[PDB]
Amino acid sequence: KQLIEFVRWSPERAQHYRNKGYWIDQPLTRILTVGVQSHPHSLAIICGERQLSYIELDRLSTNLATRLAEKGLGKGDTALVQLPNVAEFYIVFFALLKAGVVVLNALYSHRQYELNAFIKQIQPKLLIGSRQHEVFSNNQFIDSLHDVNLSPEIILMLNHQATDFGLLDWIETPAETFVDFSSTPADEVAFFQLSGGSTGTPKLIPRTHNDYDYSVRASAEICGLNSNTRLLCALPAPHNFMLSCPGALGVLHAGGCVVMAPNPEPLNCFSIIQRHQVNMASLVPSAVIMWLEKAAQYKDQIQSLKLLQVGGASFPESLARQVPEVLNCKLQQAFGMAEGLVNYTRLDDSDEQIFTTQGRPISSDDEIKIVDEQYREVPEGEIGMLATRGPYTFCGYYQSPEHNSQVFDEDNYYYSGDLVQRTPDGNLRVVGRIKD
């Protein structure tokens, strides 16, 4: 009956963020509902040989949601989802959003140790995974959960066994009986993001419908998405970068289409780009290097790429400059964190800004301090530690009061651990990382 706990913005900041129109108090399912009303038959997801329209995505994820409701899963409960880069990922995401189940999307690369830690932390009543994943290849991990009194009530499996509940069976058909359901309230937790770079297993980041939808809408505007955007989803779909910056959710917000790839391997990605005339992609620097190494051979297959976002690791200027020369598309640098703040070079920034900086915040109410070791603001342009708060930056990790008191200051700035300097033009350069 209690909704998932999380650390709230002050009411004065919530009001401000509503007054500015950042927080519009709609569930994240707004993206689907609006697109179904506007363009039900536009393609939402391309996955392998499948073409999911907006109304198909909407009907498939309602089916799953009615099935879960039928089982007493709803507001107050949590789910652990671990799916590869396939359409069912988003069907499941929107299904849990619709049903009011707070979902943690594990990376498909996470193994038993991480999944165990997540299950201990959110005690999910629903687990959704794939039988082709190493961890669910046998029944050992699911069995270990009974021992520890953490068995979920429902396990749905992709590529399922005859014994299992088939995830695709619960998507294909709605429940036999009607049980009511609804999203969690727009200013309550919608789902858990995961931190990057924390010491042990990733820390849980509660995200509300209000703040995630804002970052998605605002990112989609900055990146200039529209209904002809076709975005390659080659990075892990659950990752903040791939999901909201502007990510699949931004593309759906804009009425475009997400094109799935299993991973960023260049030859296969290039084939998907050519086949579906992908015009946007998002990559981390190591994946850009791989593409850069094949792109001359395949210039023709990737001509349609119009925009490449790059972020997630340091991206030297020498490499940035190769993106337009070799990939024949525009560069946008992105520096963000699942905890909130996202920076983009703008599409009309100068070439030097795009090649040498990681841009500037989504929001004019993204507040930045760049501080020395005495936590005093450095002189303009020097390197300091980044601290930030704003309308989509979280206010604390899930159930971690001790850690939270260490990375938030008294004004509720979050200390991301990133080292940065502000350039004269107003943009940020990420130059490193600092501990504790």
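One-based numbering along the sequence shown.
K.L.:
Mean CA temperature factor from the deposited coordinates, higher in 173 to 181 or in 350 to 358?
P.N.:
Result of the comparison: 173 to 181.
K.L.:
Do the CA atoms of 375 to 383 or those of 31 to 39 have the higher mean B-factor in the entry?
P.N.:
The stretch with the larger average C-alpha B-factor is 375 to 383.
K.L.:
When the CA B-factors of 158, 252, 204, 232 are compared as recorded in the entry, which is the largest?
P.N.:
In the PDB entry, the greatest C-alpha B-factor among 158, 252, 204, 232 is found at 158.
K.L.:
Considering only 147, 88, 366, 188, which residue's Cα atom bears the greatest B-factor as recorded?
P.N.:
Among 147, 88, 366, 188, the PDB entry lists the largest C-alpha B-factor for 147.
K.L.:
Check where residue 276 lands among this chain's C-alpha B-factors and tell me if it's the lowest, middle or highest third.
P.N.:
It falls in the middle third of the chain.
K.L.:
Among the modelled residues of this chain, does the Cα B factor of residue 315 put it in the lowest, middle or highest third?
P.N.:
It belongs to the middle third of the chain when residues are ordered by C-alpha B-factor.
K.L.:
Looking at the entry's B-factor column for C-alpha atoms only, identify whether residue 194 ranks in the lowest, middle or highest third of its chain.
P.N.:
Tercile = lowest for this residue's CA B-factor.
K.L.:
How does residue 423 rank on Cα B-factor within its chain, lowest, middle or highest third?
P.N.:
For residue 423, whose C-alpha B-factor we compare with every modelled residue in the chain, the answer is the highest third.
K.L.:
Comparing against every modelled residue in the chain, figure out the third that the C-alpha B-factor of residue 325 lands in (lowest, middle or highest).
P.N.:
Its C-alpha B-factor belongs to the middle third of this chain's values.
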